[PDB]
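Chemist: Before I ask anything, here's the sequence and the deposited coordinates:
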Amino acid sequence: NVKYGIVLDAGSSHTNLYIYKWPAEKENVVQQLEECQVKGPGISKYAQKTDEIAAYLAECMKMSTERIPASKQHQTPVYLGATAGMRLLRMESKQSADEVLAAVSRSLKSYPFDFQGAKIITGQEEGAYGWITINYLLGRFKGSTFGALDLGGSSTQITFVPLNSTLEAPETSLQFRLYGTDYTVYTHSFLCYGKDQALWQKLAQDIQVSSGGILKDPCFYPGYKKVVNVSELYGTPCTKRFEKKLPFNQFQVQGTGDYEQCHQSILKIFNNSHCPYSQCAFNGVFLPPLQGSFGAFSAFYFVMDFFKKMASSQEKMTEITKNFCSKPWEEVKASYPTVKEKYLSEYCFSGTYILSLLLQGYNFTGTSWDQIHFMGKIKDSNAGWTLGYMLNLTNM
Amino acid sequence: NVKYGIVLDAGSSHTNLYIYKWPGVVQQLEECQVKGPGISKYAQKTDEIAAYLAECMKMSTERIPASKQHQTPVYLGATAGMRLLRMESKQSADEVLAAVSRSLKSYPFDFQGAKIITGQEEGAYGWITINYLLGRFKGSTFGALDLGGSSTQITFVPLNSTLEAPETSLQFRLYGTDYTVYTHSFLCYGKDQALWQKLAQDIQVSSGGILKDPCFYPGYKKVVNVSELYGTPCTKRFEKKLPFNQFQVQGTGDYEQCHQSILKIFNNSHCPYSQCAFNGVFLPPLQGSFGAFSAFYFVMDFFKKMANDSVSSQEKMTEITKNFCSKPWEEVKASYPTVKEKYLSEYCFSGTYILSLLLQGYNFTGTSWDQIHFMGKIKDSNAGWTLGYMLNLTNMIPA
Ligand SMILES: [Cl-]
Ligand SMILES: [Cl-]
Ligand SMILES: [Cl-]
Ligand SMILES: [Cl-]
Ligand SMILES: [Cl-]
Ligand SMILES: [Cl-]
Ligand SMILES: [Cl-]
Ligand SMILES: [Cl-]
Ligand SMILES: [Cl-]
Ligand SMILES: [Cl-]
Ligand code: NA
């Protein structure tokens, strides 16, 4: 009759559970049925308290047992795929990552579902699956495909079929089989270049021993203030190249709300000086010339949508972002009183970062800018990697 | 009683035909090396393919009894040379495969296909071969290190069966037991394509048609035609417009400048894993013993003959290469007058290259170096992928 699959997306920010449903397969489509966002941080934050993982995953796991008919449960696969937050934790300590993942398996296995495993998926998988999700939901697997742009807290992915495929960096190519049609995508995940790790890089780059424990920052609203722990700041492999001895344990970010100085400061965490290829993105990584249209999703959509709702070209988006950046923090909280301050306080930075990333990192300048479509859902399913992952895992 | 099978290994530098024979008990009966380059060099000369295969195939018709020829299967497995041609042109590659098939089909055996095998296949199968020959299949297994003209493979069973990159993993059952094997092929990092990458990286508009190169002996010259250099996908990333149609490499023989120049074709700056090989590719921690074969053996075998005929530490292997690299080209030819110049000319480069790939590439640093066994034959049969390929494509590997 109908079948069910559960995918946990363990990202650096949140874990999200997805329930998928599809007609029982017949010789004569998968859709998202329900989503749950686990309360709390990403699972790597449990590294020293894996005793709490089970409790952590319980509310959303219960949703799933309440939601899928009991008969149907034993035959429903459950998989957790973790992404860059967990790649970072593994770079830090293989053994912590493993203890996290083992605690997740023991938790999940304790449910009525068919445990298919808890893995840290690769950056190429993450990007390829995202491209699969969006082209599947756009009907493209029945011609040319849409490229895929994914932004999260800890990494960002770009995936697309390029005009001419090369040996230039064949660890950036992925070939796979989809409905008799075989595809070669370019795909790269830029670890540390998700929006949250990019901000840590920027703060570590810019903090001065000089400063009395203050960092004025043009990427935050005039009057915004936030205290940062230096041990948290340097607690990620992403800021290792910037570690300094600071004579303080903690510092206050003080916003100065200036978009073009923000833009300039962001560009400093990008390195454009070495490119052992025809052309590159940044940090000497190969990128072929852009080709076709793109779907941009996850944080790309949640951040751009917020600016669009304030208003749609590159010039127009730059202008809206510059104006918003310079609004004082009290005004911003008062104009958007329903928005969690943890997201609201970031929109100036994230918006300027997305613009820098797309326009300077990937060269979606001018004419190409219209080739990007920001997307949350297609036919009611989240754009993301999980859907494509479920199609694959479904042997589909 | 007695059965035969033939497998042609169409590699970038040579096609090698192998006859296997059997009632760990399958055995190489004979090998024939085909005179000429690899089959992809025939892209525009496909009518010549039949004449090219003639001598080795006439050999097999003479060797196998006619009583047994019709039931003897014959396979061509082509590797990274043809992967590169399929990239340049799928049309070319397929024309070569078609000319090869027509020709093999004309012989009195059981024709079973000519195809380009994958890098994983090539790896896994080399690992099968050495462990089947070693009888490690009756315990620990050996890792497999393969170098040819166009690619290089590393295959072994890691301590952790849960790999960080499972597109680098295969799981099978062989002779009662489960294995998870890590395997990876690095296209363009065979010894000949590495040389082209390096020369393409190093030639400058400034060069004025002369490239002084430390990886070649003082007094050595070699002419490189720019549109042939730039006719491999492996050099595309270094292409530049040059105001000369060719250039002359002039040897300066300095090992340590050779080494540095070599390091420059490998990208080692980002690694999202615990550890990588190079270019962001995951590599598990090395474990156990390794057999290093094909071009690893022929090059290293040359150098160990200067080392009291034993592979010494990396220190001494290095010292040996350093000294060898300085010898003028007339002296080196005078000292090894029985070695074909086309091999001898490449040894300083190839030895320096192999040391870098093993030590910095595959992280064989220090302690781990001594676990590499350079081998050509085990028990009279070549170490390579072709015996393993045969064992499976004749399904003679039991679960
Ligand atoms: Cl995480
Ligand atoms: Cl992320
Ligand atoms: Cl993060
Ligand atoms: Cl290109
Ligand atoms: Cl609001
Ligand atoms: Cl070839
Ligand atoms: Cl090869
Ligand atoms: Cl070659
Ligand atoms: Cl000389
Ligand atoms: Cl000699
Ligand atoms: Na390495």
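Modeler: Arrived safely, thanks for sending. Numbers count the residues shown, from 1 in each chain, chains lettered A, B, ... in the order given. Ligands and ions are numbered 1, 2, ... in the order given.
Chemist: ok, residue A:349 - contacts?
Modeler: A:195, A:199, A:202, A:219, A:220, A:262 (C-beta atoms under 8 Å, 6 or more residues apart in numbering or on different chains). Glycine gets a C-beta too; all of them are placed from N, C-alpha and C.
Chemist: Can you report how many residues neighbour the residue of the stretch 51-200 of chain A found nearest ligand 6?
Modeler: Among the residues of the stretch 51-200 of chain A, residue A:167 lies closest to ligand 6, at 14.9 Å counting by C-beta to the ion. Using other C-beta atoms under 10 Å in any protein chain shown, the number of residues around residue A:167 comes to 19.
Chemist: tell me the secondary structure for it?
Modeler: Taking DSSP: H, G, I helix; E, B strand; the rest coil as the rule, one finds residue A:167 in the coil state.
Chemist: Any idea which residue is closest to the centre of chain A?
Modeler: Against the mean C-alpha coordinate of chain A, by C-alpha atoms, centre = their mean, the closest residue is residue A:152 at 1.9 Å.
Chemist: at contact distance from chain B, anything in the longest strand along chain A?
Modeler: Scanning chain A for the longest strand, with DSSP state E as the assignment, gives strand A:181-191. Yes: where contact is defined by C-beta under 8 Å from any C-beta of the partner chain, part of strand A:181-191 touches chain B, namely A:189, A:191.
Chemist: Show the subsequent helix or strand relative to that strand.
Modeler: The element immediately downstream of strand A:181-191 (helix or strand, assigned by DSSP states H and E) is helix A:195-206.
Chemist: Hey, what's the angle from that following helix to strand A:181-191? Just curious.
Modeler: Going by axes from the mean of the first three to the mean of the last three C-alpha atoms, to 10 degrees, helix A:195-206 is angled at 40 degrees with respect to strand A:181-191.
Chemist: Output the contacting helices and strands for helix A:195-206.
Modeler: In terms of contacts (3 or more C-beta pairs under 8 Å, 6 or more residues apart in numbering or on different chains; DSSP states H and E), helix A:195-206 is packed against strand A:214-217, helix A:230-233, helix A:259-267, helix A:347-356.
Chemist: These: which one's closest to residue A:72?
Modeler: Ranking the helices and strands packed on helix A:195-206 by distance to residue A:72, with C-beta to C-beta as the measure, places helix A:347-356 first at 40.1 Å.
Chemist: If you count neighbours, what's buried in that closest one?
Modeler: When burial is assessed from 16 or more other C-beta atoms under 10 Å in any protein chain shown, helix A:347-356 yields the following buried residues: A:347, A:348, A:349, A:350, A:351, A:352, A:353, A:354, A:355, A:356.
Chemist: tell me which of the residues you listed is nearest to ligand 9?
Modeler: Nearest to ligand 9 among those, counting by C-beta to the ion, is residue A:356 at 55.9 Å.
Chemist: Determine the number of other residues adjacent to the nearest residue to the closest one once chain neighbours are set aside.
Modeler: Spatially, and ignoring its direct neighbours in sequence, residue A:356 is nearest to residue A:266 (4.8 Å; C-beta to C-beta, 6 or more residues apart in numbering or on different chains). Taking other C-beta under 10 Å as the criterion, the count of residues near residue A:266 is 24.
Chemist: Any figure for the gap between the residue nearest to the centre of chain A and residue B:87?
Modeler: Here the distance between residue A:152 and residue B:87 works out to 33 Å (C-beta to C-beta, to the nearest Å).
Chemist: for residue A:97, same thing?
Modeler: Applying C-beta to C-beta, the value for residue A:97 to residue B:87 is 37 Å.
Chemist: would a markdown table of the buried residues of helix A:347-356 with distance to ligand 9 be doable?
Modeler: Below are those laid out as a markdown table (distance: C-beta to the ion, whole Å):
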| residue | distance to ligand 9 |
| --- | --- |
| A:347 | 69 |
| A:348 | 68 |
| A:349 | 64 |
| A:350 | 64 |
| A:351 | 65 |
| A:352 | 62 |
| A:353 | 59 |
| A:354 | 61 |
| A:355 | 60 |
| A:356 | 56 |
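Chemist: and which of those is nearest ligand 4?
Modeler: Ranking these by separation from ligand 4, with C-beta to the ion as the measure, puts residue A:356 on top at 22.9 Å.
Chemist: can you pull the contacts of the closest one?
Modeler: Taking C-beta under 8 Å, 6+ apart as the test, what residue A:356 contacts is A:263, A:266, A:267, A:270.
Chemist: buried subset of those residues?
Modeler: The neighbour-count test (16+ other C-beta under 10 Å) marks A:263, A:266, A:270 as buried among those.
Chemist: Grab the nearest non-local neighbour of the first one.
Modeler: Closest residue in space to residue A:263, ignoring its immediate chain neighbours: residue A:352 at 5.6 Å, by C-beta to C-beta, 6+ apart.
Chemist: what's the burial count for residue A:360?
Modeler: Under the criterion other C-beta under 10 Å, the count of neighbours that residue A:360 has is 17.
Chemist: That one touches residue A:267, doesn't it?
Modeler: Yes: using C-beta atoms under 8 Å, residue A:360 and residue A:267 qualify as a contacting pair, with a distance of 6.3 Å.
Chemist: interface residues of chain A facing ligand 1?
Modeler: Where chain A comes near ligand 1, counting by C-beta under 5 Å from the ion, the residues are A:12, A:42, A:43, A:44, A:85, A:86.
Chemist: And the furthest pair within these?
Modeler: A:12 and A:43 (9.2 Å).
Chemist: which neighbours do those two share?
Modeler: Between them, residue A:12 and residue A:43 have A:85, A:86 as joint contacts when contacts are counted by C-beta under 8 Å, 6+ apart.
Chemist: What are the neighbouring residues in contact with the one residue in the stretch 1-150 of chain A that gets nearest to ligand 5?
Modeler: Of the stretch 1-150 of chain A, the residue with the smallest distance to ligand 5, taken as C-beta to the ion, is residue A:37 at 19.3 Å. Listed by C-beta under 8 Å, 6+ apart, the contact partners of residue A:37 are A:14, A:15, A:16, A:17, A:60.
Chemist: tell me, how many neighbours does the fourth one end up with?
Modeler: Applying other C-beta under 10 Å, we find 23 residues neighbouring residue A:17.
Chemist: Are we agreed that it is in a strand?
Modeler: Yes: assigned with three-state DSSP, residue A:17 falls within a strand.
Chemist: Out of the contacts of residue A:37, flag the one nearest to ligand 1.
Modeler: Ranking the contacts of residue A:37 by separation from ligand 1, with C-beta to the ion as the measure, puts residue A:15 on top at 7.9 Å.
Chemist: Quick check: beta-bridge partners of that closest one?
Modeler: The residues paired with residue A:15 through beta bridges, assigned by DSSP bridges, are residue A:10.
Chemist: Next, the contact list for it, please.
Modeler: A:8, A:9, A:37, A:38, A:40, A:42, A:43, A:56, A:57, A:60, A:80.
Chemist: now those as JSON lines including secondary structure?
Modeler: Listed next are the contacts of residue A:15 as JSON lines, based on three-state DSSP:
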{"residue": "A:8", "secondary structure": "strand"}
{"residue": "A:9", "secondary structure": "strand"}
{"residue": "A:37", "secondary structure": "strand"}
{"residue": "A:38", "secondary structure": "coil"}
{"residue": "A:40", "secondary structure": "coil"}
{"residue": "A:42", "secondary structure": "coil"}
{"residue": "A:43", "secondary structure": "helix"}
{"residue": "A:56", "secondary structure": "helix"}
{"residue": "A:57", "secondary structure": "helix"}
{"residue": "A:60", "secondary structure": "helix"}
{"residue": "A:80", "secondary structure": "strand"}
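Chemist: Selecting buried members of those residues in ChimeraX, what would you type?
Modeler: The ChimeraX command for the buried members of the contacts of residue A:15 (criterion: 16+ other C-beta under 10 Å) is given here:
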select /A:8,9,38,40,42,43,56,57,60,80
